[PDB]
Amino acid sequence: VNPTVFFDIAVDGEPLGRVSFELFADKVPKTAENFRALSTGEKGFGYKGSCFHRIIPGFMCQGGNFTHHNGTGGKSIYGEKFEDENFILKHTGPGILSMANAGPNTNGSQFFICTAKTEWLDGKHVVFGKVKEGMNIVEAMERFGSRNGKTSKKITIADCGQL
């Protein structure tokens, strides 16, 4: 069955709440597994302590940066980057979980959660999950964003793991 992961989100360290995600391992196993393992930290690096550094109201919340030797921008569990697995799933509405990238076949650790349908990203970003619980928390996060994405307070992943 598809795995579920959670983030406990904080705002300048003050707990906001939990967002849980279903990861579509049945459709994008490699991409789901990357996010899953980064969420548990089992490879020795991952999302715990990272921030949502780009939050654009009415669009998406992006995070997944963390420090490693050749960068501060995060990396996958397969070495630095990996290929776009497939584009089966679309950015159909709020709660979609999808990979950030720097063009084709540049998936690392960065991801975003859509707060709206973003169909212009279909075929450009690999959708691999969706918000299960805590969409209210994502909406709360969104209110700390801005039009250029800069956040007005530090939105962090205080804890994360697998449910």
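Position 1 is the first residue in the sequence shown; the rest follow in order.
- Stretches compared: 65-73, 50-58. Higher mean C-alpha B-factor in the entry: 65-73.
- Of the two stretches examined, 91-99 and 132-140, the record assigns the greater average C-alpha temperature factor to 132-140.
- Sort the modelled residues of the chain by CA B factor and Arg36 lands in the lowest third.
- The PDB entry assigns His125 a C-alpha temperature factor belonging to the lowest third of its chain's modelled residues.
- In the PDB entry, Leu163 places in the highest third of its chain by CA B-factor.
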